[PDB]
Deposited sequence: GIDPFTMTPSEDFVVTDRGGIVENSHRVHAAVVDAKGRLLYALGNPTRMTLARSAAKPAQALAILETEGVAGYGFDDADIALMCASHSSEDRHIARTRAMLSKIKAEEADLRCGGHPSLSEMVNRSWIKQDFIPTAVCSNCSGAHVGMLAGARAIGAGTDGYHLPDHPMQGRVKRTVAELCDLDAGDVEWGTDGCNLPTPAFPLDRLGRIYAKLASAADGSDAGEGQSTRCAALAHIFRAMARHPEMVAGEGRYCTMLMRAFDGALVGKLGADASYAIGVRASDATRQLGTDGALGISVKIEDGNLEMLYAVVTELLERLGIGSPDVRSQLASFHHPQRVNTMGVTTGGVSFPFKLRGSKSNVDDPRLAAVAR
């Protein structure tokens, strides 16, 4: 019944010859530069671990640490602070160059190695029986930035990653401030790279990224800016200018940001969250806001292949980009379902319904 559809029915589904294989619940928020909710799927306020989708907030805390500017991190270094990189040789090399800029060593890192986020890099490592180490961590840039901050303020470096350290006090405050939340409304766990990692309502992830894009707009327009807004504009510009530092070759975030050529930034969170900050455009105005826009998505069960398909579908439905811009992402939008003998056996479909405009006022939209 098309007239009784509900947020609990917002799914992405794979089929085999039209027979349902898997289904995945979708949550999404689309917000303006103040965080006002414009459009949604599922539960737009779902309490959600942002994971590395919070890295730009961490980068901001680093860049606002007094004395960090003296180290001379450049835009590519800052993009690496914002990264979940593929551990390509260029990422490892930039991590080492950033350590050198602060006169630290790999032994000062408190993150550990892991298999690469890139299948092609992992393949090279397997052939050499290479064991990744701290300097290969997908989060190495943020860890180097945290060490830089710890050094700059005269804190110890030994536990820069622990919650009682002033660098982590700074991160925690910065995250809550960007979300416009009280500290008690942000919860904290520990991430795979051994840093505190925040959870907050999903819409507030979109709010962070709307603020990034909004700051980019104000900077480009030559408006006088607070030190925080200037830093948020710098982070936006760094990510958009060096999107390969943020992820790597063949990675969704890199292909997405290259396709849009400065119009937006986007960032993956592990276990299938995604955040996009969209600069003001004809598209955002058609969506009904006079400023920048933020988008946040979570696939409830954590499937990344479905995440990229859903994010690309949502961009198409919001009219963000051109068919030509978004077709650089076609392999993520409609994932290949081809068996071992070259036969297409099924596909992906998007039975979810954006809400925010039409329905009978007696239709309840219960966030679920």
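Unmodelled regions of the deposited chain sequence (numbering from residue 1, in sequence order): 1-2, 360-362.
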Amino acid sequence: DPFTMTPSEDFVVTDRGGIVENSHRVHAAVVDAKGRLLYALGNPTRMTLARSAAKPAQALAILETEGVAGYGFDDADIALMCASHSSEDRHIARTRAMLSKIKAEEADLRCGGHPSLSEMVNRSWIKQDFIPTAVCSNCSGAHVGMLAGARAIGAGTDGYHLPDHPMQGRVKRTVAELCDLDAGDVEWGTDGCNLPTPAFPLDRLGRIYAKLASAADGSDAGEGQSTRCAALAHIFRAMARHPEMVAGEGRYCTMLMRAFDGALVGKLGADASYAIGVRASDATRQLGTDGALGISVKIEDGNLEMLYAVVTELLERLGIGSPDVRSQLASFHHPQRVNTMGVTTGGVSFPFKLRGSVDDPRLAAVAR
From here on, numbers count along this sequence of modelled residues.
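The deposited model assigns a higher average Cα B-factor to 347-355 than to the other stretch when 20-28 and 347-355 are compared. On average the C-alpha atoms of 117-125 have higher B-factors than those of the other stretch, with 263-271 and 117-125 being the two compared. Across 56, 42, 321, 302, the greatest Cα temperature factor reported in the deposited entry is at 321. Ranking 203, 89, 177, 77 by Cα temperature factor from the entry places 89 first. Remark: residue 162 belongs to the highest third of its chain, ranked by C-alpha B-factor as recorded. Among the modelled residues of its chain, residue 209 has a C-alpha B-factor that falls in the lowest third, as given in the PDB entry. Per-chain ranking of the deposited C-alpha B factor places residue 9 in the middle third. Among all modelled residues in its chain, residue 34 ranks in the highest third by Cα B-factor. Among all modelled residues in this chain, the alpha-carbon of residue 281 has a temperature factor (C-alpha) in the highest third.
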